[PDB]
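Numbering (the entry's author numbering), first residue to last: 4 to 125, 127 to 261. Where is the CB? At the ideal position from N, CA and C, for every residue including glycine.
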Amino acid sequence: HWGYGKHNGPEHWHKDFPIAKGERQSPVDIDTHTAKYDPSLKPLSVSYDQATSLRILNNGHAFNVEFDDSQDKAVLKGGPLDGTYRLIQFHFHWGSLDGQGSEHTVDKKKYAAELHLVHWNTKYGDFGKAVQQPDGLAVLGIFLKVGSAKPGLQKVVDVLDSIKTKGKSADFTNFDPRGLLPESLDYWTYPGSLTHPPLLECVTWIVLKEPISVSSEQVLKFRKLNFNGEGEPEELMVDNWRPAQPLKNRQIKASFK
Ligand SMILES: [Zn+2]
């Protein structure tokens, strides 16, 4: 039902998912001049050396690069987090043109795209249990701008032709997500939600300050994907982002001065 089309997009989601108007919805605008440096926050610990990617899937709203999360391999720890969060998948949000695509914004600036690396809290045993808890997920968000190519993205780019339509997947082993990080891991953090239905309020957001650069050719391949299934009317997979939601009673904390 829900999507990013002309009649089922973010402004409609609240009908079926009333949590869309909840108290800790994502994404949000990050006001750089009211996010406060928090000296109690720690450097992120991104431990991806043993990551095992398995598969890439077009799910009709993005594509997910899926990992083996059946044991502690690729984990996120530290930062604002207590305990250990296992990497399950990453995906992107992007626009029809370079001036929109990100979910989070920075002083109202929209980036061309945003990468989400999704991790679940091992204290809850499985992902399905984790999403029912306020500290169940940690999502590392990384902005993309268009300029130079990102070498470590090309292997993703080049498989997209094989998963054009919803429900298609392809083997995708030995991909190293470290090639998608910027140089600095300085970040903002706040409590929020998943950004598409069911919009569960289970996420500690960790949004990196420094964007990565990808090329116009790389982004153009993203924009050739389809929301639709094989043989159905073609709807390009573009503008798969939810706009910023009210901050309400939340504070955005910065890891950096
Ligand atoms: Zn996302």
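- At a cut-off of 8 angstroms, the beta-carbon of residue 122 does not count as near ligand 1: no heavy atom of the ligand is closer than that.
- Inter-segment contact for the stretch 221-236 and the stretch 177-184 is absent: fewer than three beta-carbon pairs are separated by less than 8 angstroms.
- Set against 8 angstroms, the gap from the CB of residue 143 to the closest heavy atom of ligand 1 is smaller.
- Look at residue 5 here: in three-state DSSP terms it is coil, with no helix or strand label.
- Out of 86, 239, 110 and 53, the CA that lies nearest to the CA of residue 213 is found in 110.
- The residues 27, 31, 194, 195 and 196, in chain order, have a CB closer than 8 angstroms to that of residue 254 in the same chain once the five nearest residues on each side in sequence are set aside.
- Around the Cβ of residue 117, a 10 Å sphere holds 16 or more other Cβ atoms; the residue is buried.
- In the DSSP assignment, residue 79 falls within the beta strand (DSSP E) that extends over 78-81.
- Residue 203 is not a Cβ neighbour of residue 49, given a cutoff of 9 angstroms.
- Rounded to whole angstroms, the Cβ separation of residue 121 and residue 93 is 7 angstroms, and the two are in contact under 8 angstroms.
- From the listed residues 189, 187, 96 and 37, the smallest Cα separation to residue 223 is found for 96.
- DSSP places residue 168 outside any beta strand (DSSP E), giving it a letter other than H or E.
- The beta carbons of residue 33 and residue 119 sit no closer together than 9 angstroms.
- Rounded to whole angstroms, the Cβ separation of residue 104 and residue 245 is 6 angstroms, and the two are in contact under 8 angstroms.
- Taking 4 residues as the minimum length, the alpha helix (DSSP H) runs contained wholly in the stretch 180-241 are 220-226, in order along the chain.
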